[PDB]
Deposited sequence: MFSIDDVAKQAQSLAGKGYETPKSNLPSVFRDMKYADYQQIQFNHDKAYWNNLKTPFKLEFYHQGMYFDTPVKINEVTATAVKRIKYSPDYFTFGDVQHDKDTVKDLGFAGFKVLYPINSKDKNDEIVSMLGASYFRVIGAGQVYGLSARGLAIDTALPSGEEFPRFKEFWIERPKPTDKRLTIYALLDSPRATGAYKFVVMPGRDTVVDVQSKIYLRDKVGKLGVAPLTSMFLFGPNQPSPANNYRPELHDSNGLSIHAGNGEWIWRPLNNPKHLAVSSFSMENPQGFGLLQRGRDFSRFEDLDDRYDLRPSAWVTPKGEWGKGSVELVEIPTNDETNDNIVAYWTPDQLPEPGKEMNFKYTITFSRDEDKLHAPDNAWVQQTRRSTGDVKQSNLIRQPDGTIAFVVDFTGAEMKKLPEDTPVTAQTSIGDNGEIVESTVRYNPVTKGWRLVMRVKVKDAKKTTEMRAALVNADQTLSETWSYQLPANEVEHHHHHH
């Protein structure tokens, strides 16, 4: 069994009219749902000699369609049948006749990633083509997807879904788990081979074969979905003991031409789409830079322990854009950040597309960056004059940003190193002041940029990179001041 077996099924589906899935759920309040729990004593492979274990999700609410799950042993492909016996329901029905047409909603993978005597979750595959992944000592944060379609387009995003999985039984000695997945969507289908490698960083190897059943406005490859409520770049308007609240705070990109770009995330008042056009992207990911607990202070959610996800393409992906979508949100309950690679041109429907890449879920951001290129540790917004601290100061139309850089090589540079800053700003803004100074506390350099906005109702974009005389010392801080962000009222 290989990806070809799945691809064959994908190609077939792509050559026929799309079959809209039909709900198979009978009569549910969320409270009741939370009562349906998987009997940990029923973990798949709990009887096998293998560190990996499987658990399943039960249908209910908006998980109104099932996914088929098969196990791939050395000699056979066995369909893992759904049974209410895998779960405990307590208060809910679950009659062997009321759950007759039910199947699994999704599945999770367990592994002793933290300690030998505990099978902790490391992967969760549930809903559309979404899945969550974590490394050692981490807590669930951002999600990845098998594919994204027409995201942020006025015509409406199309959400493909994984309808079937093939999980091969690992040898007792295996440290990796292979998962195959069949993806179906109104205008697209696909075949995936996932290879999950748990560790300090849990790395997922991805190979896919996508087929368009019909042309689409936008194809999102290797998508990531996260959440950003507020942070020092745009602090919470309402009092909150939490200084920050987010699963990611920036989009990191290693451009086709070698430049490193860092786009701090926002929670704009209006839908924001940012496109970084390039050819052959070397890498991109939604990162969580700054993991000291004091940035978050939340003991229940532990944002400080949530993974950064870095996508590394295998091969040349050609012309397209690493796109960032920021959605207005008032709550941390719904993800508002999306990132992906979207190709400029697509081949004719039915034509096969091959994408190979790895997704690294890590807490070692410094290791997800080139050592000889400084990165932005944090971005702090402040009123125009950074020297001023008066509490009743009236807006003077100007705004400032304190951007702190640090890095392996930078930490060694001498204090008196004449570090300069190459800046730039869009037509809607003007750079009033731009200074760089050494930070003896961090052993890095601090940039203070003050800019004035011409029209607060329009978007304002600026860029800055630390340079030396002989070279470029840091990634390019690429910031966007959302429209209506610095507007005063009432």
Item to complete: Compare the deposited sequence with the modelled residues and state the ranges that are missing C-alpha positions.
Response: 1, 29-32, 496-498
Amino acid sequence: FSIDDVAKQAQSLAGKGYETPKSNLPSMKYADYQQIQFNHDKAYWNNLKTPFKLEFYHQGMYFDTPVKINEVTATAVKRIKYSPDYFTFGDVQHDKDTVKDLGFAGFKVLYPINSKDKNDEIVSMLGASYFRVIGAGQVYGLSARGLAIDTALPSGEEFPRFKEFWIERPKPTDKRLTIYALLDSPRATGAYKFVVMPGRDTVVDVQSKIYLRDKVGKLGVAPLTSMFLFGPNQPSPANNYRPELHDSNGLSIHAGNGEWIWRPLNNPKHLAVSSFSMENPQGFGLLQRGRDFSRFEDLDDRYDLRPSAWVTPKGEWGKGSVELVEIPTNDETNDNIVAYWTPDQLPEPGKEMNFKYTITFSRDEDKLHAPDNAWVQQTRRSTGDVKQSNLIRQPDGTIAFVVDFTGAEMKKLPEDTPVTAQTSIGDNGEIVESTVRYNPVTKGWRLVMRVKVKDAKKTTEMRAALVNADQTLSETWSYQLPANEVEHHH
From here on, numbers count along this sequence of modelled residues.
Worksheet item: Would 308-316 or 71-79 have the larger average of its C-alpha temperature factors, as given in the entry?
Response: 71-79
Practice prompt. Quick one: say whether 427-435 or 441-449 has the higher mean Cα B-factor in the deposited entry.
Written response: 427-435
Practice prompt. Tell me, please, which of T202, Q377, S382, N336 has the highest C-alpha B factor according to the deposited entry?
Written response: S382
Discussion item. Ranking the modelled residues of this chain by C-alpha B-factor as given in the entry, is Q234 in the lowest, middle or highest third?
Written reply: middle
Practice prompt. Please rank the C-alpha B-factors of the chain's modelled residues and tell me whether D372 sits in the lowest, middle or highest third.
Written response: middle
Worksheet item: What third of its chain, lowest, middle or highest, does the C-alpha temperature factor of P328 fall into?
Response: lowest
Worksheet, complete the sentence: Chain thirds by Cα B factor, record data; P418 belongs to the middle
Worksheet item: Lowest, middle or highest third: where is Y140 by C-alpha B factor in its chain?
Response: lowest
